[PDB]
Amino acid sequence: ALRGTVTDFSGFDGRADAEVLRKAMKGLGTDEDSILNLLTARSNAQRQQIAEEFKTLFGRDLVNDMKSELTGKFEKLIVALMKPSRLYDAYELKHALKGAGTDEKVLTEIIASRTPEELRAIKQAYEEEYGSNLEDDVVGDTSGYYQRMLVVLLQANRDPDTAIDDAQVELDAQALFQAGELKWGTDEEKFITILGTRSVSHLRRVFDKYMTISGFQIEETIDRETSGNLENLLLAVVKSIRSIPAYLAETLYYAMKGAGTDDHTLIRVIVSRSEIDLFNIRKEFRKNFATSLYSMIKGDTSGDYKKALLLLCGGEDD
Amino acid sequence: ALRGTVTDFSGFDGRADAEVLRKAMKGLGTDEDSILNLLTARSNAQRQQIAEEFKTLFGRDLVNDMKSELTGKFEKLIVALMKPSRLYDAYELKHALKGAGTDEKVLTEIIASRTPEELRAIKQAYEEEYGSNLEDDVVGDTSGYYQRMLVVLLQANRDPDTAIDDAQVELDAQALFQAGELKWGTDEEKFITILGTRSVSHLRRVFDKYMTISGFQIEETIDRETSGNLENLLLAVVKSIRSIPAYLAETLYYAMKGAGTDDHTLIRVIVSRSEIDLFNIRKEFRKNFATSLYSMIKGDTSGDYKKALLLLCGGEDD
Amino acid sequence: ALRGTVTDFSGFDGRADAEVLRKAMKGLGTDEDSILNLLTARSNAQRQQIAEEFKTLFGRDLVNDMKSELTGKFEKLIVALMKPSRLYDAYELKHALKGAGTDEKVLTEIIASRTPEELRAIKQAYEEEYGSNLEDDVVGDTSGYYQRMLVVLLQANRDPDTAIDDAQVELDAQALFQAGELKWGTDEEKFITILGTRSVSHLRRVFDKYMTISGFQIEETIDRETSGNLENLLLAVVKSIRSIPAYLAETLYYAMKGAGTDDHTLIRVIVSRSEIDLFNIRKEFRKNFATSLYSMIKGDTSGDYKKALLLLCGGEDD
Ligand SMILES: [Ca+2]
Ligand SMILES: [Ca+2]
Ligand SMILES: [Ca+2]
Ligand SMILES: [Ca+2]
Ligand SMILES: [Ca+2]
Ligand SMILES: [Ca+2]
Ligand SMILES: [Ca+2]
Ligand SMILES: [Ca+2]
Ligand SMILES: [Ca+2]
Ligand SMILES: [Ca+2]
Ligand SMILES: [Ca+2]
Ligand SMILES: [Ca+2]
Ligand SMILES: [Ca+2]
Ligand SMILES: [Ca+2]
Ligand SMILES: [Ca+2]
Ligand SMILES: [Ca+2]
Ligand SMILES: [Ca+2]
Ligand SMILES: [Ca+2]
Ligand SMILES: [Ca+2]
Ligand SMILES: [Ca+2]
Ligand SMILES: [Ca+2]
């Protein structure tokens, strides 16, 4: 069902690859083409083995050498590709967490779209890597119901998918109606408990029943009742419940539509999802925006950066 | 044989309880009665689950919210009740360790009265929680034979209880007599080795034989030969060897007898022992002081603090 | 095949030994003879148990007490003997790593002469003890091809010994000839890959074939082509490949030959190897320098220090 666009290279020889990369950087100048052709054709785990063979053969750190030879958005993409998959989301969160400068978009995007199993692993990686508790750091740099909903999601304690109870679907749809549209102001607490903790399959049914009862999609109510970071988080949670690939496809769309490109977001989504569901993302992107993800990247980016992204994405004729 | 006064609540529903606690704190004011009635009727492990459900439902930290709503001795008691049992003794030790301000009474009380199995667990919890070695911190803030005896006990290497060797009982009783009463000055080293390392059952016999030989109880010799912190520690060790519940009952007695109350000690003993031997402690208290622990607490304390302590203790008609 | 000079004492009683050591230090003055006779006759693991029994009996730290009673080179030797074997090499490396003051001789000696299995264990011990990554610290305080070769060795990824391929022996011997003697300047990279990563048994054959082709021993080429720290490291690697005991015997020889003694090196080699191959080292020493290691130590050292070293080494009539 879920498919990435990068898989293990058949006939992999990490030592041969390390030699190719050394040759690409040795002496004056840099062969960026050899680097991007190789690294985009190896899985993350294979990149780690290449880095180990490179240090064994040459006593040099592969990532440090590439940071010395490469520049600009290409360098940023290559660095992202070399982060072990188990650490990459933690790395992005750590870098989003910076006091008044906190990048809420990143916190929202990752925490809303990762499964409880993924969040458990991220929390552990973050603690091991940075010596800090993710929840503590998030709490320190956020406030209000936005913080509260993030903490709920960080518990990674969403109800498991089990048989649907129709009376429970009715009760929760009515509860949301009473907490929002029928209330002067908003009972955010009720929204957070229901959206944060009920099972995915249960909530998909609640969203349909809510539309039946109220005449609004839950996303319309959220825009009507809330604003600011809480609004963006609740929408990301609802969209992820409906379809993580669709939510991430939408995220890529907005990173590219308009003047320039949100390169940070483009790199993060493509790299983080490349071995999970980037294929599904391409399919949702084409369905919803009548263009290929490929053509939009092709139009928005330049140089070796563009070339590497296109190889990672694929789907020329999506 | 050993019985606490708090046990797991039958029919426990952590999510229901979390909702009750939220309702108790939500909005202006605080329902302290609902909080103390619930938390004193749940075991420590159940309190931890309640805290997890509360954060899952509401994205709020239960202990932090209670610290915001509560005040005074009641707050201090509730905070103590919410500490995981596996960390509580380590927490009290950490807080006793403060340079010139070191609270020797706490070091003595805990280290003398905990079993080797308990001390092994405390040492590990302390290291994990605080990133420091307990023995190192104790050494830094104590000196002299007091320090040495604490280090001996911290090794948690007391001889196991095995069949009693009567000639060994004679030898050790005579050794103690020669090291103290018959010596100009005192051979503290000999007292520390024998009291610190021999088995409990062996030492109970040595104490009786020592009385036979010398005409003094070992506690009388200790008062005659030593003073200061070393005296208090040796007495706590001997009393704990005779009966941990009796030693702790005596500790509670002195925390309350006289002007006011040592509230810190009252909270620590009641909470730390509530699921181990607080029932035995009540029994020893009644035996030795002709009053119930309940009535003494009832007489010495006020308000919600008093109410919560009484529910934890029980034994109205001891 | 490999034999130390110190082994477990038969009939070991750690508690009896702890009492002997206490008696040696108790009161004014110190019985250095009782200390050195006992500790040199116990294995490292037995010394650790003695330290534990000493703290259990007396509440005193054995190593700290000995640091208080002893002085000079004797103290330094006793401290080295008490370090757990699993930490000693890490301890020496940590102490060699000091910015501009870095002791390259120690880095070279340990990293060249330890097996991949040993280096894996050292890296782990270092990280656990000091909270730092050994490779990172080495990189910070070294530079150039010297650093690179150290990093290669630190990977502990040397090819396993397997059946010898004669054509591979020819290829590598010719490669080294082309990289050094036939090249204007030197291809250090090629030397580092081959010497750092090929199997020991393969390299022993390459060294013989290299002599056949070039008329030089590889050590002669290294002196002809390189200098400085890289030279010393490549020679230590080649000598260790030929024979670790021989390399370490040579290291001891130079620590003593000439005005005075390199006491730090003498202590490190004797203690670190005492339970691994110090017997083989003695044999190589006698073979290569026509004197006993014993007689050279006897001639170069004084006092209790001399006595303890001689007991550790043995081999009076080597
Ligand atoms: Ca280059
Ligand atoms: Ca170029
Ligand atoms: Ca760069
Ligand atoms: Ca409303
Ligand atoms: Ca409102
Ligand atoms: Ca809005
Ligand atoms: Ca654009
Ligand atoms: Ca309130
Ligand atoms: Ca109130
Ligand atoms: Ca408060
Ligand atoms: Ca006396
Ligand atoms: Ca005295
Ligand atoms: Ca006294
Ligand atoms: Ca009182
Ligand atoms: Ca002395
Ligand atoms: Ca002396
Ligand atoms: Ca000294
Ligand atoms: Ca040359
Ligand atoms: Ca050159
Ligand atoms: Ca030279
Ligand atoms: Ca000399």
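Copy-to-copy label distances for A:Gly140, where each label lies 7 Å from Cα along Cα-to-Cβ, are 2.2, 2.2 nm in order of increasing length.
Around the Cα centre of the stretch B:84-157, unit charges on the Cβ atoms of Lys, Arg, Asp and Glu (plus for the first two, minus for the last two) sum to a dipole of about 120 debye.
In a Debye calculation with equal point scatterers on the alpha-carbon sites of the stretch C:11-83 and no solvent, what is log10 I(q)/I(0) at q = 0.19, 0.24, 0.25, 0.28 Å⁻¹? Results for the stretch C:11-83 at q = 0.19, 0.24, 0.25, 0.28 Å⁻¹ read -0.69, -1.17, -1.29, -1.66.
For q values of 0.17, 0.22, 0.24 Å⁻¹, compute log₁₀ I(q)/I(0) with the Debye formula on a Cα-only model of the stretch A:103-204, without solvent. Rounded to two decimals, the profile gives -0.86, -1.20, -1.31. Dipole size of the stretch B:158-243 about its Cα centre, with +1 on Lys/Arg Cβ and -1 on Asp/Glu Cβ: approximately 180 debye, rounded to the nearest 20. Mean projected area of the Cα convex hull of chain C, taken over all directions, amounts to 18.2 nm². Take each residue of peptide B:55-68, count the partner chain Cβ atoms within 10 Å of its Cβ, and average: the result is 4. For the stretch C:84-157, relative contact order (Cα pairs under 8 Å, six or more residues apart, normalised by length) works out to 36 percent.
Show me the three semi-axes of the equivalent ellipsoid for the stretch A:178-318, from the C-alpha gyration tensor (sqrt of 5 times each eigenvalue), largest first, rounded to whole Å. Before the final figure, lay out the partial values.
On the way: eigenvalues 227, 47, 33 Å².
Over the Cα atoms of the stretch A:178-318, the semi-axes work out to 34, 15, 13 Å.
With both labels modelled 7 Å from their Cα along Cα-to-Cβ, the A:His95 to C:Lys287 distance reads 5.6 nm. Note on the stretch B:158-243: Kirkwood hydrodynamic radius from all Cα pairs is 12.8 Å, rounded to one decimal. When C:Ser302 is represented by a point 7 angstrom out along its Cα-to-C-beta vector, the spacings to that point in the other copies are 7.5, 7.5 nm, nearest first.
Using alpha carbons only, how many angstrom separate the centre of the stretch A:1-74 from the centre of the stretch A:226-298? Rounded to whole Å, the Cα centres lie 27 Å apart. Taking the charge dipole of the stretch C:101-217 about its Cα centre, with +1 at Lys and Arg Cβ atoms and -1 at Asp and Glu Cβ atoms, the residue from C:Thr108, C:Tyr146, C:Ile164 reaching farthest to the positive side is C:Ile164. The magnitude of the dipole of the protein assembly as shown, with charges of +1 and -1 set on the Cβ of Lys/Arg and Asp/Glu and taken from the Cα centre, is near 200 debye. Rg ratio for the stretch C:84-157: its Cα radius of gyration over 2.2 N^0.38 Å, N being its residue count, equals 0.98.
Running Debye on the stretch A:229-276 with equal point scatterers at the Cα sites and no solvent, what base-10 log of I(q)/I(0) appears at q = 0.15, 0.18 Å⁻¹? Debye curve over Cα of the stretch A:229-276, log10 I(q)/I(0) at q = 0.15, 0.18 Å⁻¹: -0.42, -0.60.
Nearest-to-axis residue in chain A, judged by Cβ distance to the rotation axis that brings A onto C and given in whole Å, is A:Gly131, 6. The convex hull of the Cα atoms of the protein assembly as shown, projected and averaged over all directions, covers 51.4 nm². Temperature 37 °C, viscosity 0.692 mPa s: under these conditions the Stokes-Einstein estimate for the stretch A:27-130, based on its Kirkwood radius over C-alpha pairs, is 212 µm² per second. For the set A:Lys123/A:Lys209; A:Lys23/A:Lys306; B:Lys183/B:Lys283; B:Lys98/B:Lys257; A:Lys105/B:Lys23, the pairs lying more than 29 angstrom apart at their alpha carbons are A:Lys123/A:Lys209; B:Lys183/B:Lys283; A:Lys105/B:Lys23.
Restricting the calculation to Cα atoms, the stretch B:1-48 yields a radius of gyration followed by a Dmax of 12.4, 46 Å. Over all alpha-carbon pairs in the stretch C:244-315, figure out the percentage whose distance exceeds 16 Å. Everything past 16 Å amounts to 38 percent. Mean residue ellipticity at 222 nm, helices only, chain A: -22000 deg cm²/dmol; runs of at least 4 DSSP H residues each add -39,500 (n - 2.57), and the sum is divided by the number of residues. For C:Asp166, inter-copy separations between label points set 7 Å beyond Cα along the Cβ vector come to 8.5, 8.5 nm, shortest first. Note that the stretch C:149-195 carries a Kirkwood radius of 12.0 Å, evaluated over its alpha carbons pair by pair. Taking B:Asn44, B:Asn157, B:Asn280 as the candidate residues, the one with maximal mean-square fluctuation in a Gaussian network model of chain B, Cα springs under 10 Å, is B:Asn157.
Cβ sites come from the backbone with ideal geometry, for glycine too, and all protein chains shown count toward neighbours. Readers should treat all values here as calculations from the given coordinates under stated rules, not as data from a laboratory.
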